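*Asks:* Positions 17 to 65, 77 to 223 (the authors' numbering) are the ones given, in order, by the sequence shown. A virtual CB, placed ideally from N, CA and C, is assigned to each residue, including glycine.
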Amino acid sequence: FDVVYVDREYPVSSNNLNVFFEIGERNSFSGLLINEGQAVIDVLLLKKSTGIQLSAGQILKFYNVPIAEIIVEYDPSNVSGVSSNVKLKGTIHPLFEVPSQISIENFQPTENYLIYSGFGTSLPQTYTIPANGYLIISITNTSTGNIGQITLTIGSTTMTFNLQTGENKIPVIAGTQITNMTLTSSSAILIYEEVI
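Here it is in structure tokens:
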């Protein structure tokens with residue numbers, strides 16, 4: 017069989033109303049169309065060269092979908108001045124003898140904020156958590172199970188945690204202090220926050 021790789025992004029706004037993507041006649045597409053931004057978009061999937080309205084941040088997933096053309100349009104109901112970066116990524120290949128499917132999901136990108144890297148049994152100072160999110164304390168050690176203790180303070184509240192080898196995931200509010208950590212043997216330590 018033959019495969020064509022698709023990696024495209026186009027702005028869609030009042031200034032860029034339409035994108036026409038040719039997939040071609042005897043072909044199937046597997047991949048993603050990503051509405052990265054604030055413009056609602058209308059997606060027409062045409063078997064030869077019914078629209079799907081994608082709201083801000085939505086992703087249209089394709090598996091083995093026989094399409095000859097994908098048309099993307101700025102929806103006329105948009106608040107003026109909104110735009111999106113519309114990304115098409117995937118593979119064009121022949122129609123496989125398996126189900127053809129689409130699905131849609133909301134994307135919420137996550138970003139990791141480093142707090143501490145080291146290798147030892149405690150922290151060298153206190154740290155402030157910058158945002159609402161999830162604090163990740165990764166402790167690497169030869170043994171499994173219990174590996175030490177961490178103390179967080181937030182306002183007039185103190186919290187102490189039974190740290191395990193591996194990834195420890197704690198929901199945290201912005202401004203929370205990492206006041207101390209004590210491990211029972213020297214370990215690779217990586218502390219960061221998952222933020223949305």
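Short of 6 Å in beta carbon distance, which residues of its chain neighbour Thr171, apart from the five on each side in sequence? Order them along the chain.
*Replies:* Looking up residue 171 in the sequence shown gives position 144. Counting only Cβ-Cβ distances below 6 Å, and skipping sequence neighbours, we find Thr192.
*Asks:* Please state whether DSSP places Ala215 in a helix, a strand or coil.
*Replies:* Locating residue 215 in the sequence shown gives position 188, counting from the first residue. It is a strand residue.
*Asks:* To the nearest angstrom, how far is the alpha carbon of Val125 from that of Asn91?
*Replies:* In the sequence shown, the residue the question calls residue 125 occupies position 98. In the sequence shown, the residue the question calls residue 91 occupies position 64. Cα to Cα, the separation comes out at about 8 Å.
*Asks:* Quick one: what's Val20 bridged to in DSSP?
*Replies:* Locating residue 20 in the sequence shown gives position 4, counting from the first residue. Note: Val20 sits in a beta bridge opposite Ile119.
*Asks:* Can you tell me the Cα-Cα spacing of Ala158 and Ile98, whole angstroms?
*Replies:* On the sequence shown, residue 158 is found 131 positions in, with the first residue counted as 1. On the sequence shown, residue 98 is found 71 positions in, with the first residue counted as 1. Distance between the alpha carbons of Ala158 and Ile98: 39 Å.
*Asks:* Ignoring anything shorter than 3 residues or poking outside the region 121-171, list the beta strand (DSSP E) runs there in chain order.
*Replies:* DSSP runs (the beta strand (DSSP E)) wholly in the region 121-171: 128-133, 138-149 and 160-167.
*Asks:* Please confirm if the region 173-181 is in contact with the region 115-124, defined as three or more CB-CB distances below 8 Å between the two stretches.
*Replies:* The region 173-181 vs the region 115-124: no contact.
*Asks:* Apart from the five residues on each side of it in sequence, which residues of its chain come closer than 6 Å, Cβ to Cβ, to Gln135?
*Replies:* As a working note, residue 135 is residue 108 in the sequence shown. Taken in chain order, the residues that qualify are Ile223.
*Asks:* Let's test the definition: count the other Cβ atoms within 10 Å of the Cβ of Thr187 and tell me whether it reaches 16, buried, or not, exposed.
*Replies:* What you label residue 187 is simply residue 160 of the sequence shown in a count that begins at 1. Classification for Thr187: exposed.
*Asks:* Between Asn51 and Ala83, which are expected to be in contact by the criterion C-beta below 8 Å, what is the C-beta distance as a whole number of angstroms?
*Replies:* Stepping through the sequence shown from its first residue, residue 51 is reached at position 35. Stepping through the sequence shown from its first residue, residue 83 is reached at position 56. That belief holds up - the Cβ atoms of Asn51 and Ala83 are roughly 7 Å apart, short of 8 Å.
*Asks:* Taking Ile57 and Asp102 to be in contact with their CB atoms under 8 Å, please state how far apart those CB atoms are, rounded to whole angstroms.
*Replies:* Looking up residue 57 in the sequence shown gives position 41. Looking up residue 102 in the sequence shown gives position 75. 6 Å between Cβ atoms; contact.
*Asks:* Give the DSSP bridge partners of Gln191, in chain order.
*Replies:* Sequence index remark: in the sequence shown, residue 191 carries index 164 (1-based). In DSSP, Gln191 forms a bridge with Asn173.
*Asks:* Rounded to a whole number of angstroms, what is the C-alpha to C-alpha distance between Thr169 and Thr211?
*Replies:* Numbered from its first residue, the sequence shown carries residue 169 at position 142. Numbered from its first residue, the sequence shown carries residue 211 at position 184. Cα to Cα, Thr169 sits roughly 12 Å from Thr211.
*Asks:* Residues in its own chain within less than 6 Å of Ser130 by CB, not counting five upstream and five downstream?
*Replies:* As a working mapping, residue 130 is identified with position 103 in the sequence shown. Here the set comprises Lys88.
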